[PDB]
Amino acid sequence: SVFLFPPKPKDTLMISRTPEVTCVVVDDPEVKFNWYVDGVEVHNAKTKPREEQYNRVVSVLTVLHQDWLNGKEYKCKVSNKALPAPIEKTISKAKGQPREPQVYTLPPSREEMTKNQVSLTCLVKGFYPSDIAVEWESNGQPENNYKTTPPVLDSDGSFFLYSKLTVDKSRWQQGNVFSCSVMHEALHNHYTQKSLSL
Amino acid sequence: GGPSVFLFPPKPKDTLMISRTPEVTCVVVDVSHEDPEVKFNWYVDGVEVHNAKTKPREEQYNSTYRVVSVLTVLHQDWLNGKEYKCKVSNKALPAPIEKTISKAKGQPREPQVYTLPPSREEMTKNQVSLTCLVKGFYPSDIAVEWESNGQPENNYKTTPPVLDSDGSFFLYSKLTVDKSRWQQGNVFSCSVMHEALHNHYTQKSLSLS
Ligand SMILES: *[C@@H]1O[C@H](CO)[C@@H](O[C@@H]2O[C@H](CO)[C@@H](O[C@@H]3O[C@H](CO[C@@H]4O[C@H](CO)[C@@H](O)[C@H](O)[C@@H]4O[C@@H]4O[C@H](CO)[C@@H](O[C@@H]5O[C@H](CO)[C@H](O)[C@H](O)[C@H]5O)[C@H](O)[C@H]4NC(C)=O)[C@@H](O)[C@H](O[C@H]4O[C@H](CO)[C@@H](O)[C@H](O)[C@@H]4O[C@@H]4O[C@H](CO)[C@@H](O)[C@H](O)[C@H]4NC(C)=O)[C@@H]3O)[C@H](O)[C@H]2NC(C)=O)[C@H](O)[C@H]1NC(C)=O
Ligand SMILES: *[C@@H]1O[C@H](CO)[C@@H](O[C@@H]2O[C@H](CO)[C@@H](O[C@@H]3O[C@H](CO[C@@H]4O[C@H](CO)[C@@H](O)[C@H](O)[C@@H]4O[C@@H]4O[C@H](CO)[C@@H](O[C@@H]5O[C@H](CO)[C@H](O)[C@H](O)[C@H]5O)[C@H](O)[C@H]4NC(C)=O)[C@@H](O)[C@H](O[C@H]4O[C@H](CO)[C@@H](O)[C@H](O)[C@@H]4O[C@@H]4O[C@H](CO)[C@@H](O)[C@H](O)[C@H]4NC(C)=O)[C@@H]3O)[C@H](O)[C@H]2NC(C)=O)[C@H](O)[C@H]1NC(C)=O
């Protein structure tokens with residue numbers, strides 16, 4: 001079977017990064033690939049050499065930023081003697097008017113203050129499509145100890161998520177500034193940032 | 001590729017309340033017309049059991065048969081980690097197919113439940129977000145609900161559980177209310193049910209100070 005995968009949200013949002021869609025064929029024979037952008041074939045995909053199994057022969061096309069964002073379809077045609085027919089699979093960005101995320105940072109609960117570590121919460125809601133990236137920072141230094149929930153469909157058809165940054169209570173108590181940064185196509189410069197401290 | 005088998009656990013609320021009836025459900029799909037009779041065997045920890053209730057087979061529009069067997073589980077067997085095996089046997093099958101399901105393995109851990117008021121920034125809107133952070137729980141089976149004044153608040157969404165760095169789980173539930181209701185001092189509470197809680201239940205309240 002074939003499996004087609006979109007680029008990483010962050011990759012499509014920053015010119016410096018390289019967005020790519022990825023065809024992952026699975027399950028002794030040889031393979032072929034044809035890539036089409038809105039029908040038109042293009043000839044600049046690169047195959048990751050026929051790697052091993054358990055018991056995948058993966059190709060990778062890079063894409064233009066504004067193409068993906070403008071909704072172009074990316075078709076992956078896979079030829080094989082052993083497969084009944086030449087399988088195809090398409091992917092594209094979710095359709096619909098983009099909506100700007102609203103970002104709110106929330107400090108730890110009074111009641112959490114007893115613990116060794118505390119939870120800094122960044123709420124991000126009202127956004128569409130669900131392609132987004134969230135990061136935390138202090139003094140322009142990345143934090144590592146954070147988790148972000150998947151996007152969840154809200155009643156109005158927009159998405160929300162929460163990000164949770166965990167810190168030693170002393171740092172919070174000291175009064176250091178922590179920033180939730182969010183990247184999304186509907187933000188100005190695809191990026192915003194909200195700060196939190198005591 | 002013949003018929004396929006899927007095995008579903010009970011609902012987390014069902015295993016936690018004596019009043020409710022937890023079940024495991026074994027679903028067989030893509031059963032042909034040539035060989036439409038299917039047999040179910042059920043085992044709890046390898047020991048066969050005989051009280052499952054199998055629905056009579058339903059034809060689909062694609063000419064497959066879909067048939068389901070329902071085994072009620074005792075609440076304490078599920079919470080005690082018993083394994084439930086469904087064996088599906090069918091004439092058009094290289095061998096019977098077996099699926100096994102149980103509560104996730106590990107030591108249970110009590111949720112910490114913290115309620116969080118709207119950001120100042122959000123107050124400029126017609127509606128605001130009441131947050132329930134629930135963290136530190138294992139396994140991930142949990143139920144979350146919001147109420148105010150004895151009644152269910154219906155406008156809420158809860159994230160799936162997320163695996164935290166310590167191997168415990170967390171989630172957030174977001175309750176959206178009209179701002180007026182928040183400013184008017186109403187008290188809202190976030191109810192959470194999980195095996196590692198006393199009486200499998202706790203409630204935390206939120207109101208404007
Ligand atoms: C022998 O062994 C083989 C190898 O094990 C085995 O192959 C296996 O086949 C599986 C199917 O049997 C197959 O499973 C699929 O999984 C998909 C999820 O994606 C994966 O997630 C796994 C972990 O979570 C990983 O194991 C996979 O690698 C993959 O993870 C992603 O990998 C991408 C590949 O590059 C990454 O993208 C790129 O990342 C790079 C960075 O490195 C760049 O950033 C780049 O820009 C990116 O493009 C990506 O990072 C990574 N992501 C994550 C999160 O880890 C599923 O999508 C798929 O499910 C869908 O189909 C099934 C039916 O097959 C269906 O049940 C399911 O519901 C899904 O249906 C789809 O649903 C959505 C709507 O919700 C719609 O799109 C459609 O309606 C519907 N589509 C279809 C087609 O039905 C599926 O489960 C797996 O790929 C493979 N195992 C591994 C380990 O690779 C082979 O089968 C064996 N053979 C035999 C005979 O046994
Ligand atoms: C002909 O037409 C048929 C119908 O039109 C069609 O049948 C369909 O076949 C599909 C596969 O071909 C089959 O797909 C699977 O669906 C599973 C999800 O379960 C369903 O979810 C759907 C939406 O989410 C619902 O629509 C379904 O009803 C069902 O949902 C659940 O049903 C349960 C049983 O009733 C409910 O639980 C019980 O609820 C009651 C209350 O009513 C009680 O509370 C009781 O206690 C409960 O037990 C449950 O509530 C309900 N949920 C919802 C939301 O409604 C998927 O599980 C499955 O995906 C998994 O397998 C695939 C690979 O096969 C894999 O890609 C995917 O990732 C999943 O992998 C699993 O992952 C876990 C870990 O994460 C592993 O542990 C597992 O090992 C791994 N599984 C495997 C096998 O490796 C898959 O998508 C579909 O359900 C079926 N539908 C019907 C109606 O039959 C048929 O195919 C057609 N034939 C053709 C075209 O030829």
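Cut-off values and rules
Residues numbered from 1 in each chain as written, not as in the entry; some residues may be left out. Chains lettered and ligands numbered in written order. Heavy atoms only, no water. Residues with missing side-chain atoms left out of burial classes, pairs and counts. Disulfide = S-S within 2.5 Å. UniProt positions renumbered as here; feature names shortened; annotations may be inferred. Buried < 20%, exposed > 50% of the residue type's maximum accessible area, 1.4 Å probe, protein only. Helix = DSSP H or I, 4+ residues; strand = E, 2+ residues; numbered from the N terminus. Contact = heavy atoms within 4.5 Å. Nonpolar A, V, L, I, M, F, W, Y, C, P; charged D, E, K, R; others polar. Near = heavy atom within 4 Å. Polar contact = N/O pair within 3.5 Å; in protein donor to acceptor, adjacent residues only side chain to side chain. Areas by Shrake-Rupley, 256 points an atom, 1.4 Å probe, with all protein chains shown as cover. Pairing = 2+ DSSP bridges. Axes fitted to C-alpha atoms, helices over the stretch in contact; angles between N-to-C directions. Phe/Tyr/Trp six-rings, centres within 6.5 Å; stacked < 30°, edge-to-face > 60°.

Per the deposited record, determination of this structure is attributed to X-ray crystallography, with the resolution reported as 2.34 Å.

Caption draft 1: Structural detail: the UniProt feature "disulfide bond" in chain A. Residue and element names in this part refer to chain A. Between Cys23 and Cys76, where UniProt annotates a disulfide, the S-S separation is 2.1 Å; being under 2.5 Å, the link is counted as present. Classification of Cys76 by relative accessible area gives buried; the value is 1%. A sulfur-sulfur distance of 2.0 Å is found between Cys122 and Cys180, whose disulfide is recorded in UniProt, and that is short enough to count the bridge as formed. Separated by 58 residues along the polypeptide, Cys122 in strand β10 (residues 117-127) and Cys180 in strand β16 (residues 178-183) bring together distant segments of the chain. Assessed through its relative accessible area of 0%, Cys122 is described here as buried.

Caption draft 2: Region of interest: the interface of chain B and chain A. Each partner contributes residues to the interface: chain B has 26 residues there, and chain A has 27 residues. Where the side of chain B that touches chain A is concerned, the elements lending two or more residues are β10 (112-116), β11 (127-137), β14 (156-158), β15 (162-163) and β16 (169-178) of chain B. For the side of chain B that touches chain A, a count of residues per class yields nine nonpolar, nine polar and eight charged.

Caption draft 3: Layout of the site of ligand 1. Residue and element names in this part refer to chain A. In the region of ligand 1, the neighbouring residues are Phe3, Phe5, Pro6, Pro7, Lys8, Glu20, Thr22, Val24, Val26, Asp27, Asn55 and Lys89. Note that an oxygen atom of ligand 1 is positioned 2.8 Å from one of the backbone N or O atoms of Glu20. Between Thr22 and ligand 1, the recorded distance is 2.7 Å, taken from a side-chain N or O atom to an oxygen atom. Computed on the free molecule, ligand 1 has an accessible area of 1700 Å², of which 32% lies beneath the protein chains in the complex. Across the shell around ligand 1, the residue classes tally to six nonpolar, two polar and four charged.

Caption draft 4: Seen up close, the sheet that holds strand β9 (residues 97-101) of chain B. Residue and element names in this part refer to chain B. Ordered by their spatial adjacency, four strands build an open sheet running β4-β3-β8-β9, and the pairing between neighbours is antiparallel. Each edge of the open sheet carries a strand with a single partner, namely β4 (47-49) and β9. For this sheet the average axis-to-axis angle between neighbouring strands, irrespective of direction, equals 30 degrees. Here strand β8 (residues 84-90) runs beside β9; their pairing, made up of five bridges, is antiparallel.

Caption draft 5: Representation of the state of the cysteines within the structure. What the rule picks out here adds up to four disulfides over all chains. Through a disulfide, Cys122 of chain A is tied to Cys180 of chain A; the S-S separation comes to 2.0 Å. Because the sign of the S-S torsion sets the handedness, a value of about -75 degrees for the bond joining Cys122 of chain A and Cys180 of chain A places this disulfide among the left-handed ones. The disulfide bridge from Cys26 of chain B ends at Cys86 of chain B, spanning 2.0 Å between sulfur atoms. Handedness here is read from the sign of the S-S torsion; for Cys26 of chain B and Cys86 of chain B, about -85 degrees, the answer is left-handed. On the criterion of sequence distance, the pair formed by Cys26 of chain B in strand β2 (residues 23-31) and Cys86 of chain B in strand β8 is long-range, its members being 60 residues apart. Neither residue differs from the other here; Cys26 of chain B and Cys86 of chain B are each classed as buried. The cystine pairing of chain B, numbering bonded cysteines in sequence order, is 1-2, 3-4. Within chain A, bonded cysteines paired by disulfides and numbered along the sequence follow the pattern 1-2, 3-4.

Caption draft 6: Main features of unusual backbone geometry. For the bond from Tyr128 of chain A to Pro129 of chain A, the omega torsion is -10 degrees, close enough to zero to count as cis. In this structure, the amide linkage connecting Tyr138 of chain B to the following residue, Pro139 of chain B, adopts the cis form with an omega of -5 degrees. Of note, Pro139 of chain B is situated in the loop between β11 and β12 (143-148). In this model, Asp45 of chain B sits at a positive phi of 55 degrees, which is unusual for a non-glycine residue. Note that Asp45 of chain B resides in the loop between β3 (38-44) and β4. Judged by its relative accessible area of 42%, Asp45 of chain B falls in the partly exposed class. For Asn149 of chain B, which is not a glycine, the phi torsion comes out positive at approximately 55 degrees.

Caption draft 7: Layout of the site of ligand 2. All names here are of chain B. Near ligand 2 you find 14 residues, and of these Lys11, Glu23, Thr25, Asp30 and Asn62 are the closest. Within the side chain of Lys11, one N or O atom sits 2.6 Å away from an oxygen atom of ligand 2. In the model, an oxygen atom of ligand 2 is placed 2.4 Å from a nitrogen or oxygen of the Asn62 side chain. Protein chains bury 32% of the 1600 Å² of accessible surface belonging to ligand 2 in isolation. Sorting the residues of the shell around ligand 2 by element identifies β1 (4-8) and β2 as the ones contributing at least two each. When residues in the shell around ligand 2 are grouped by element, the largest group, four residues, is from β2. For the shell around ligand 2, the residue count by class is five nonpolar, four polar and five charged.

Caption draft 8: The packing of aromatic side chains, seen in detail. All chains considered together, the criterion is met by nine aromatic pairs over all chains. Between the aromatic rings of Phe160 of chain A and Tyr162 of chain A, the centroid separation amounts to 6.1 Å while the plane-to-plane angle is 85 degrees, which identifies the pairing as edge-to-face. A relative accessible area of 0% places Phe160 of chain A in the buried class. Aromatic side chains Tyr162 of chain A and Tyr172 of chain B sit 4.3 Å apart centroid to centroid with 5 degrees between the ring planes, which places their arrangement in the stacked category.

Caption draft 9: Region of the structure containing the side chain of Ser189 of chain B. You can see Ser189 of chain B is positioned in strand β17 (residues 188-193). Exposure remark for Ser189 of chain B: the relative accessible area of 9% places this residue in the buried category.

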